[PDB]
Amino acid sequence: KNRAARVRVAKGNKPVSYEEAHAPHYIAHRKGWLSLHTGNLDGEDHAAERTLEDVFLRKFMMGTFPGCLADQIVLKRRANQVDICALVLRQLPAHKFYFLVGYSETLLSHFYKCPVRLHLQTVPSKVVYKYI
Amino acid sequence: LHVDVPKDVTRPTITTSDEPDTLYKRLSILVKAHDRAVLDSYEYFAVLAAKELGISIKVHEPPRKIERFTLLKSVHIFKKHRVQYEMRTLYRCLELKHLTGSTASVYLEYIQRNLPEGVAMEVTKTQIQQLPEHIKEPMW
Amino acid sequence: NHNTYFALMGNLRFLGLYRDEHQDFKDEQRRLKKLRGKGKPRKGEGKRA
Amino acid sequence: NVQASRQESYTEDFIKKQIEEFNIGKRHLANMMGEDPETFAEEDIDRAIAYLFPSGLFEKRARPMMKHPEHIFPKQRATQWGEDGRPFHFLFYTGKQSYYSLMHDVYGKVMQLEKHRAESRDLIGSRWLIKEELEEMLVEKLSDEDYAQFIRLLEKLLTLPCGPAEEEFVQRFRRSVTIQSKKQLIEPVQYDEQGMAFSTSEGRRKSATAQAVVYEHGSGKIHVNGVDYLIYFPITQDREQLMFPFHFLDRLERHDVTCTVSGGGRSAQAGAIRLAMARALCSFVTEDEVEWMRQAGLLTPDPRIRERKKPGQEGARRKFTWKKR
Amino acid sequence: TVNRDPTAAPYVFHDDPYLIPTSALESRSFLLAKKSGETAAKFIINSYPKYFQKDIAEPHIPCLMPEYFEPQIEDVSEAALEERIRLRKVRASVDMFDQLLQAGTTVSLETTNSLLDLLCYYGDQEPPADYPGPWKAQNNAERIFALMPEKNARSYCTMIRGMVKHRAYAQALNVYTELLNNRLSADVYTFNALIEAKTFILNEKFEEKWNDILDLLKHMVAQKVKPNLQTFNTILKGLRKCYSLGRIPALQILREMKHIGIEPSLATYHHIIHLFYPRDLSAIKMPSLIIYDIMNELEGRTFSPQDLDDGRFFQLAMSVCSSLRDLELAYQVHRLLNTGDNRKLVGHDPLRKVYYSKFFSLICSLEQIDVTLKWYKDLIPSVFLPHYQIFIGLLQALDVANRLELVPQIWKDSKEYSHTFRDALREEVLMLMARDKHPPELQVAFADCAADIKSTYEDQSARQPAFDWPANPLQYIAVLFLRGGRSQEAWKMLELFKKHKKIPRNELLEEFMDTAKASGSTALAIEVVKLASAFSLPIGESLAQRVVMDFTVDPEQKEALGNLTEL
Amino acid sequence: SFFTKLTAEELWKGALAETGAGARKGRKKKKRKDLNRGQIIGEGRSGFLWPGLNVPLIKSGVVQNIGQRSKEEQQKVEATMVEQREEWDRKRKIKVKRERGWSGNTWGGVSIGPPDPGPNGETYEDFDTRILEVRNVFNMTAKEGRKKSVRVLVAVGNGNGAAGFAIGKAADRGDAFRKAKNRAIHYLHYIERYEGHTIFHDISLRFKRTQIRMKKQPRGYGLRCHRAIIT
Amino acid sequence: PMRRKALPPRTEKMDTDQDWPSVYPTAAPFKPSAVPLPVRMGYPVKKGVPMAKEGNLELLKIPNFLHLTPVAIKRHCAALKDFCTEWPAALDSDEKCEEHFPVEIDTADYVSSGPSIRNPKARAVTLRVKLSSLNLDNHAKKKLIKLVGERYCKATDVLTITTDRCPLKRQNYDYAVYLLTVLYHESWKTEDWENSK
Amino acid sequence: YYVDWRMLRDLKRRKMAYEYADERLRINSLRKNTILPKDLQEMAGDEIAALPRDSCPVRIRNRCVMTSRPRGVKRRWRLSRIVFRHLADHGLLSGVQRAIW
RNA sequence: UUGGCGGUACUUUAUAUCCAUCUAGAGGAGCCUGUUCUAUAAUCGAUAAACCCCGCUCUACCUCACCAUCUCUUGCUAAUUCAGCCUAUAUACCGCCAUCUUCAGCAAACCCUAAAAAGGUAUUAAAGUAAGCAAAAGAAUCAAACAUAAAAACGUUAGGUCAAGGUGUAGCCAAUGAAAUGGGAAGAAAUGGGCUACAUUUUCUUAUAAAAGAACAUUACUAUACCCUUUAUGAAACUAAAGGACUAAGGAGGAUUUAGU
Ligand SMILES: [K+]
Ligand SMILES: [K+]
Ligand SMILES: [Mg+2]
Ligand SMILES: [Mg+2]
Ligand SMILES: [Mg+2]
Ligand SMILES: [Mg+2]
Ligand SMILES: [Mg+2]
Ligand SMILES: [Mg+2]
Ligand SMILES: [Mg+2]
Ligand SMILES: [Mg+2]
Ligand SMILES: [Mg+2]
Ligand SMILES: [Mg+2]
Ligand SMILES: [Mg+2]
Ligand SMILES: [Mg+2]
Ligand SMILES: [Mg+2]
Ligand SMILES: [Mg+2]
Ligand SMILES: [Mg+2]
Ligand SMILES: [Mg+2]
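Looking at the entry header, you'll see cryo-EM listed as the method and 3.09 Å as the resolution.

Participant: When you look at the overall build of chain H in this model, what are you seeing that I'm missing?
Facilitator: Of the regular secondary structure elements, chain H holds 4 helices and 3 strands. The N-to-C order of helical and strand elements in chain H reads α-α-α-β-β-α-β. Against the 2.2 N^0.38 benchmark of 13 Å for 101 residues, chain H shows a C-alpha radius of gyration of 20 Å, more extended than a compact globule. Projected onto the principal axes, the alpha-carbon positions of chain H cover approximately 60 × 40 × 20 Å. A total of 101 residues make up chain H; the buried ones form 36% of that total. For chain H, the proportion of contacts with a sequence separation of at least 24, taken over those separated by at least 6, is 40%. Each charge class in chain H was averaged separately, 24 positive and 11 negative side chains, and the resulting centres sit 13 Å apart.

Participant: Honestly, the overall build of chain F in this entry has me stumped. Any pointers?
Facilitator: When its secondary structure is counted, chain F shows 5 helices and 11 strands. Each of the three principal axes of chain F carries a C-alpha extent, and together these read 90 × 55 × 35 Å. Taken over 231 residues, chain F has a buried fraction of 24%. For chain F, the exposed surface amounts to about 17,500 Å²; the carbon and sulfur share of it is 51%. Both charge centroids of chain F, one from 49 positive and one from 25 negative side chains, sit 10 Å from each other.

Participant: What is the right way to look at the protein's contact with RNA strand I in this model?
Facilitator: Neighbouring RNA strand I are 136 residues; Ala4 of chain A together with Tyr1, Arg61, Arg85 and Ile100 of chain H lie closest to it. A share of 69% of the atoms of RNA strand I within 4 Å of the protein falls on sugar and phosphate groups. Here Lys1 of chain A contributes a backbone N or O atom positioned 2.7 Å from a phosphate oxygen of RNA strand I. Between a phosphate oxygen of RNA strand I and a side-chain N or O atom of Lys169 of chain F, the distance comes to 2.7 Å.

Participant: It is not clear to me how the UniProt feature "domain: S5 DRBM" in chain F should be interpreted in this structure. Could you clarify?
Facilitator: UniProt marks residues 127-191 of chain F with the feature "domain: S5 DRBM", using the numbering shown here. Annotated as residues 127-191 of chain F, this span is 18% helix and 58% strand, and its ends, taken at the C-alpha atoms, are 15 Å apart.

Participant: Sorry, what's going on with the sheet that holds strand 7 (residues 227-228) of chain D here?
Facilitator: For sheets, the rule is that strands pair by backbone hydrogen bonds, running either parallel or antiparallel. All names here are of chain D. Here we have 3 strands laid out as an open sheet, ordered 7-6-8, and mixed in their pairing. One side of each edge strand has no neighbouring strand; the edge strands of this open sheet are strand 7 and strand 8 (257-259). Here strand 6 (residues 222-224) runs beside strand 7; their pairing, made up of 2 bridges, is antiparallel. Within strand 7, the residue paired with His223 across the bridge is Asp228.

Participant: I keep staring at the environment of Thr126 of chain G and nothing clicks. Help me out?
Facilitator: As for its position among the elements, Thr126 of chain G is in strand 2 (residues 125-130). Among residues more than four places away in sequence, those in contact with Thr126 of chain G are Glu104, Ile105, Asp106, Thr160, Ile161 and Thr162 of chain G.

Participant: Just checking my understanding: could you explain the packing of aromatic side chains for this structure?
Facilitator: Within a pair of aromatic rings, the relevant descriptors are the distance that separates the centres and the angle that separates the planes. Residues and elements named next belong to chain E. This model, assessed by the stated rule, comprises 68 aromatic pairs over all chains. Consider the rings of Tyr457 and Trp469, whose centres lie 5.3 Å apart with planes at 35 degrees: the pair is tilted. Highlighted residues: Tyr457 in helix 21 (residues 440-463) and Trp469 in the loop between helix 21 and helix 22 (471-483), separated in sequence by 12 residues. Exposure class is identical for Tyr457 and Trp469. Each is buried. We note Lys151 situated over the ring of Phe145; from NZ or CZ to the ring centre the distance is 3.8 Å.

Participant: Would you mind going over the arrangement of the chains with me for this structure?
Facilitator: In this assembly, 20 pairs of chains are in contact, and the pair contributing the most contacts is chains B and G. Contact between chain C and chain G is absent, and the minimum C-alpha spacing across the pair is 17 Å. With respect to C-alpha atoms, chain G approaches chain H no nearer than 11 Å, and the pair has no contact.

Participant: Is there a simple way to explain the sheet that holds strand 9 (residues 261-262) of chain D in this structure?
Facilitator: Residues and elements named next belong to chain D. Within the open sheet, the 4 strands sit side by side as 3-4-5-9. Their pairing is antiparallel. Strands at the two margins of the open sheet, each flanked by one partner only, are strand 3 (190-191) and strand 9. The sheet strands contacting helix 10 (residues 266-280) are strand 4 (197-205), strand 5 (208-215) and strand 9, and the helix crosses strand 4 at an angle near 140 degrees.

Participant: How should the pairing of strand 4 of chain D be read in this particular structure?
Facilitator: In the case of a regular strand, side chains alternate between the two sheet surfaces. All names here are of chain D. With 2 bridges connecting them, strand 3 and strand 4 associate as antiparallel partners. Residue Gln190 lies in a different strand from strand 4, and its bridge partner there is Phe198. Counting the residues that bridge the hairpin from strand 3 to strand 4 gives 5 residues, and of these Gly195 lies at a positive phi of roughly 100 degrees. Note: strand 4 against strand 5, 8 bridges, orientation antiparallel. Across the sheet, the residue bridging to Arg204 is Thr209, located in strand 5.

Participant: What exactly am I supposed to notice about the interface of chain A and chain G here?
Facilitator: Many authors give the size of an interface as the accessible area that is lost as the parts come together. On the side of chain G, 25 residues touch chain A, which itself brings 35 residues to the contact. Of the roughly 2,500 Å² buried at the junction of chain A and chain G (both faces included), carbon and sulfur atoms supply 58%. Considering only the surface of chain A that becomes buried against chain G, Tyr18, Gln121 and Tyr129 of chain A emerge as the three largest contributors, covering 21% of it. Put simply, chain A and chain G have 1 salt bridge between them.

Participant: Whenever I open this one, the interface of chain B and chain G confuses me. Can you help?
Facilitator: Between chain B and chain G, the residue contacts involve 52 residues of the former and 51 residues of the latter. For chain B, the biggest contributors to the area lost against chain G are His98, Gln129 and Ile135 of chain B; these three give 15% of the whole. Where chain B packs against chain G, one counts 6 salt bridges. For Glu104 of chain G, the salt bridge is made with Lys25 of chain B, and the minimal N-O distance between the two is 3.5 Å. Connecting chain B to chain G are 18 residue pairs in polar contact. Where the side of chain B that touches chain G is concerned, the elements lending two or more residues are strand 1 (23-33), helix 1 (36-53), strand 4 (82-100), helix 2 (101-113), strand 5 (120-129) and helix 3 (133-136) of chain B. With 10 residues, the single largest contributor to the side of chain B that touches chain G is strand 5 of chain B.

Participant: How do you make sense of the packing of helix 10 (residues 229-239) of chain E against helix 12 (residues 266-276) of chain E when you look at a structure like this?
Facilitator: How two helices pack is summed up by the angle between their axes together with the distance between the axes. Residue and element names in this part refer to chain E. It is the contact of helix 10 with helix 12, at a shortest axis distance of 9 Å, that shows an interaxial angle of 15 degrees. The angle between helix 10 and helix 12 falls in the class roughly parallel. Helix 12 is crossed by helix 10, and the crossing has left-handed handedness. Counting all contacts with helix 10, which are made through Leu229, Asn233, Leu236, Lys237 and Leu239, the residues of helix 12 involved are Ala267, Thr268, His271 and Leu275. Taken together, the residues of the contact of helix 10 with helix 12 sort by class into 5 nonpolar, 3 polar and 1 charged.

Participant: I tried to follow a positive patch on the surface on my own but got confused; where do I start?
Facilitator: Where like charges cluster on the molecular surface, the positive patch consists of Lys1, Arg3, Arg8 and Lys14 of chain A together with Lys13 of chain F. Looking at where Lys14 of chain A falls in the secondary structure, it is placed in the segment before strand 1 (15-16). Note on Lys14 of chain A: relative accessible area 31%, which makes it partly exposed.

Participant: Would you mind going over helix 7 (residues 164-172) of chain D with me for this structure?
Facilitator: An α-helical turn contains 3.6 residues, so a residue and the one three or four places further along point in the same direction. All names here are of chain D. For helix 7, every residue scored as buried is listed here: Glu166, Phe169 and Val170. Seen from one end, helix 7 has its buried residues packed into an arc of 90 degrees, which puts them on one side. The outward face of helix 7, more than 90 degrees from its buried face, is lined by the exposed residues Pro164 and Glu168.

Participant: Got a minute to help me understand the side chain of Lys59 of chain A in this structure?
Facilitator: Assignment of secondary structure puts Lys59 of chain A in helix 2 (residues 47-64). Look at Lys59 of chain A: it is buried, it has no salt bridge, and the nearest opposite charge is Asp20 of chain C at 7.6 Å. Here the side chain of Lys59 of chain A touches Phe2 of chain F through a polar contact of 3.3 Å, landing on its backbone oxygen. Beyond its immediate sequence surroundings of up to four residues, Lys59 of chain A is in contact with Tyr18 of chain C together with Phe2, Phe3 and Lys5 of chain F.

Thresholds applied
- Residues numbered from 1 in each chain as written, not as in the entry; some residues may be left out.
- Chains lettered and ligands numbered in written order.
- Part of a larger assembly, values for the part shown.
- Heavy atoms only, no water.
- Helix = DSSP H or I, 4+ residues; strand = E, 2+ residues; numbered from the N terminus.
- Rg over C-alpha atoms; globule rule 2.2 N^0.38 Å.
- Buried < 20%, exposed > 50% of the residue type's maximum accessible area, 1.4 Å probe, protein only.
- Contact = heavy atoms within 4.5 Å.
- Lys, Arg positive; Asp, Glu negative; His and termini not counted.
- Charge placed at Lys NZ, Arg CZ, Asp CG, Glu CD.
- Areas by Shrake-Rupley, 256 points an atom, 1.4 Å probe, with all protein chains shown as cover.
- Near = heavy atom within 4 Å.
- Polar contact = N/O pair within 3.5 Å; in protein donor to acceptor, adjacent residues only side chain to side chain.
- UniProt positions renumbered as here; feature names shortened; annotations may be inferred.
- Pairing = 2+ DSSP bridges.
- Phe/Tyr/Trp six-rings, centres within 6.5 Å; stacked < 30°, edge-to-face > 60°.
- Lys NZ or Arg CZ within 6 Å of the ring centre and 35° of its normal.
- Axes fitted to C-alpha atoms, helices over the stretch in contact; angles between N-to-C directions.
- Buried area = accessible area lost by both parts, 1.4 Å probe.
- Salt bridge = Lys/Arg side-chain N within 4 Å of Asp/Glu carboxyl O.
- Parallel < 35°, antiparallel > 145°, perpendicular 65-115°, else oblique.
- Left-handed = near helix turned anticlockwise from the far one by under 90°.
- Nonpolar A, V, L, I, M, F, W, Y, C, P; charged D, E, K, R; others polar.
- Patch = residues over 30% accessible without salt bridge, like charges linked within 9 Å, V, L, I, M, F, W, Y side chains within 5 Å.
- Arc of directions from axis to C-beta.

Pasting the structure below:
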């Protein structure tokens, strides 16, 4: 049996998001890609360096916004600009988000030497695609 | 804005030099992406932009490339059981013609600055110039 | 540079601007293990003399 | 111990608000695309959404959509009883009020025809509606046994003398079979600078592709890639494959063909030319002959192509030796 | 090509409903939290630089590398002193300069001047910074100035400027006297500081004081030193003290500015306006007309930052327009703000909200309601989040145009700007709605608004242990419920007058009775009598007699009504 | 390495070892703990103070700047959090009242509350439910071998003449309680009481192999019956 | 201290005749609170509709073109017209260009996403000239064709010089022009050993 | 901290090969020809041998950057098959999908 | 009563499948490679179906975890009586899979039974019902279909993997940790898989696979072994390729067994 990235069935009480519900074979069919860069296109270089930055950028955002992430973040690279689009729960006060945005942007712009912007869409609570 | 509108918006300064301008006979723009729909939207934006600036454009779709590789599915043994992965590359070629160097810089900036994420460009400018003055006359 | 990532994130965790669920998990397993008397011996004072 | 989200049944006020938001959506989408709101249509909407939200997902159900609420929201079956609680339909307690209400009518029709007392093929090339189509008409779910019984009752109605009312009734449950035109698409007949008539058609066998250019009048001179056919095809079986189209129609030595085949091997290239010549020669033969070709295999593309190899297998079907035990 | 989005918050603020600043306090707090987070990152980057040193950006981006401000040259040489001066460290540079003197090693006069510049400009104090000032007679700056073996014009000039900056006007003037005795020549910057000194000093006689400042100008021509914009701006800024007597001098300066070829900037007019249109002006009967001429002069021109008071001009111009009650002039001033990139000189946080608040308030007062609502949608929220008094002005304008149908809508807008629990605003909304009668449809709409304003009072009461329902809102909310098909709710609200011990008004009491007669419910009519007895209102007895004639009272009702009549 | 660190959900999943062959083999035990329970965003061991994150951004009208707590002040905060941890831990320790039935370790005679509301908000608050037997029956299956179900017999009554019983079976005891409890409300007999305190006459009967001999008694006699009959 | 309440989406205040280019001036992510469209995305569950825009990760994962609308592109290109220069009308055909400008210089630019703008392929330059355009005697043309080897194509009569050896594109470009000049002048020169062919 | 002591040894081998690249190029060039006297070539054969062993670039092994796995690595991403599949099967690699055909 | 089993009958069965039918193989020779065995100072894991060119899309040094010898003791990190551990337990687990399997079920909420351990179907219908997962549908192999891939629930085998990484418990901390140098050998052995040959439908040469000229049984066919030279990679040839001769066995393979619609 295949165990890869499959949220298995319980007794109908496990909420799962759209991203979690779909197994790997639905990638490019029902669900898209969380990161969009040009490094895996044919005749393009620096796939390894873009992929390592993604791993870190995801671990950074989880720790910097602990318990405030409704879904996995979406990374969008255009030219040298990096754009982070994160669904965040409305747990923290509003002013705290302004602090963490200023901090996380400046810190990641001086770490990778690129302009990095954070885009936050706040949800009242996690969106449930289906109960499995 | 309903009642409050800018009066005399400031526009950049464009100064005509005395150097002659480059003459591009052709300018091929090969965009690449994993998504066909993004290329269709970019093709519409780029063709509309060219037609609005007076540039002559043609578009075709070079054949797509699919790169596949195989990996071992299990962490240990079970050799016969594999998992395969592929990366798909799609192309849209925008062939422009008879462009001066000023028209090709403004156009390329405008379309490159609006290049979607996951899209790679490969501009192939083809300049036309006279013969070298030494070559023009045979000298022994 | 694995040293830069491990050091930088550790410094941020001590400043309160980053949270390491893995490290907090390990910090409590050490705290509990020391109470049980299975903690790390001091160097030069190991079981074998 | 059931704790999952219940069906979010859509009330009429809900769908009514979903139609006001959609109507305001169209006016905005029109203003974005610079079009006139009055004439903006469903077709323009689908095109606009595809430009503004490019998605390359293979399944089109998973792509962005701004459709009318009627298309997306399933028709809610209306309440079957009123405020007092009395069901609206006398067969409510059967559990299949619409299936049995229909079977009640058809059984009553049969009785009047049988009591009251020509060719029955008033409609031809038609089929009985499939179970899925019937379910939609009744707005309820049926079993296979329920479908089988409904058809038997409808057949009995046709057997009996049928007035025009019955013919209209049974018509509702007969779907016009869109029998496809399994006939050749004859090519046009162009004219050369010399003025000679000629037709062209493509052919594909395995990985080979050919483009023949048969001429109406000729002496049988076939040139493949600017070479003769005896030279290009040194094997007899390959030449016989080029002979099959003309020999069949007794048209040997009456046409001059010019072929251009690229790709594949010797046998795959002869086969591709055979199909290309058969399709080009259609314009110069009678329709009865074209059917004679189609029914002899000359006009069908061969779908047999090399099968991909499988991971963990020596070949497409060949397996690795099951090791001795 | 693109213009401001009227329905969006400023671009600085995050584009999320949860993160959009509701009030003006949150607007500044939200930005300070952003600036605070930027400072937290820059601190970490500058304190752990080894982790932020790998450079992977081609071309190289200098501004994204760690900063280093501490000297890295250890040897004690004139060069090492130069580094500290370049880094702007004041105390460390003094120590190494003294050490250089202790050894006696030669120090260049130009290098010695770079030290005085740092000390004179910062006034002997380390540069202000954030991390985890009068002139002192005995200080490093003056001591180093004396130790200097060879002095040049620049050296004296640096002292004169630093003294004036740090409020050492008397000493600075003395230093200038020495420069003249040495026969050296000052620069424009030094002459501007000297003029700034004479003005700040309080001279008994203005005529002497003015003749002195002019003497500095005459020495600027003897020494072949040409004035700059700041020189004239400084003189006019000083003249704002003497409003009455500075008018003729002020105009002469502006005429001289053009002849010399210096172009008056927005700051230069900011001073002429202050001098001609005093804020504390008792003589409002016949104000000056100069503001009209200035705007004509500046019509269509584009301005750039050329002084430190340019931002002040726009805020002051609108204030004078509001004082003069001329809305045509306010459009000219705003029209000038829109030409080119003049928008950048509106002002900072204190003055940006004053200009637009002054502007919008003038529009509502003197503009047609139709146009006033166009300005309302454009400016708010995109430009500024207004305070509650702005809404009171908008609501009053709607009342004067006989367009109270929009009062419910203005209330919904106010709730987004953190006026949901504002007592002054809630009283104005209810008052205007219930001031006069209206058609049935309008009354029903007002009743829904009255219910919404009631919920604010109710929720506030529940949360707070001690809450008072103001008397006037209670009357307005009750009247609106009766008039708008919510009479049942109004009978429940009748009890709240006793719970909060508020005296019902005579008009409200009789209104309840009128509705009762149409309903025909004697019970409801007697309920009004009960409340009248509680507060011992004299009309209550008359109202009870009115019920006797209006409705047929049952014998049980007669006994109950008689008891209340006795009470 | 920073790249070999896993999330809390994945760390507890493995450490708890709930999923696995152990569960089917019947295998105190470790307890999951939330480590972000008391942690405040912006609070670190070093004790830095970050305006707008863990301290007021403006204090008494003064725009705050970055700072750090002294070694003494931080030690207090660290010890205070340690105390707050003990308080939360103590809560779980507390064990509170329940009522035993016929015996301390048995479910027989235990009140489990009223049946659930009906279709149209028909509450049954006046009815009480009592357990009469809880059994762990077993059905042999090829997939699972021995599979266990909980068979519960309950009785319900309003103490005013109406009572009923039912059997509920499930794999989980809590489910078997709900099934029996709501099933029994559908089988309500009405029992005739002489003057509301006793049966109308002596009753002797045999049901299958069980014999019962009831006798009518005067007031104050009390219930002198099988513990189940008392229930 | 109650939790903060989110404001209603600003799409509610957007008129149907608004200036949308101002709403999305530049490339931005999809904001359900700023896009006044009831768009839905997601494979629907059985007896379910596609998911709504709010909290929709799939719509966020899309590179939208909301900033690029037909109204914006036309307003943008109107401003960008002042930059453009007019192609000389006389050069109305490709053959006309070969007459007056026989030399074709091919240079390639590459645009990718990342911190580095450096691509190794950008240095290469390619010069293409037709020998007919060059003034070559019968002797010269034979000498030019033998020296260049496979660079010359008899079918097209085009000489192709590809230079990538130098680090920069301006160096490789100047080198290809140099290679042509030496080949041209050497072709005309006649060496005594040539008489032994 | 790097993943393990094996990745640490590999990292040092990569930094000592970069230091000795020009040197090992210049010396090794003297040996890879037939134009110089064999006496010089025999001596250059020992100068290259005398350099430290970790300067040799054939002692470098490509390991997964995240797990330090010596075999199973894909050179375009520098990840093992196990790590690659985890990122690919979760939609985190841009453009990588399963191959169905 | 339920399951399981039956050298218990009955009916229907497998679809490259249990037998039969068809084609090329395996089992014999020569080698290549795995494993066991023997054996070495010298890894580990897999080892019936579901191990045996398996983890390895890969071991001359490195890799490396092994053996021998010498050496280091706060010993990668911002801090830490701490760092580090390929140390034991896959019978504590996560992760990622195998097998049944392209099998058709699984589990939740109910309802019914002269009591229920459990069971619940009949279509000319007799107590079963209505949602979820799987199958199906859809998508992919760029028209169409078919086909192939992919997908395949709950469980079964305490199946595989503490050595991808992580981790519970126990253990080492001047050593079970870190580093350097040199080694990690072989077989009158058995066995699994592959490769090549045994030739005439063949061998060599030109060609292009068409045709032609020669060879054709003692070395004719026939060595990817051994040995001898040269080249490529590397610091190191112990590796790989290309020639050279030397050439031995083999003459289509016993029972038996593999794959293919
Ligand atoms: K496992
Ligand atoms: K060791
Ligand atoms: Mg085969
Ligand atoms: Mg007890
Ligand atoms: Mg390790
Ligand atoms: Mg290697
Ligand atoms: Mg078989
Ligand atoms: Mg080794
Ligand atoms: Mg070694
Ligand atoms: Mg070890
Ligand atoms: Mg196991
Ligand atoms: Mg299988
Ligand atoms: Mg399909
Ligand atoms: Mg399927
Ligand atoms: Mg086991
Ligand atoms: Mg094992
Ligand atoms: Mg042949
Ligand atoms: Mg060599």
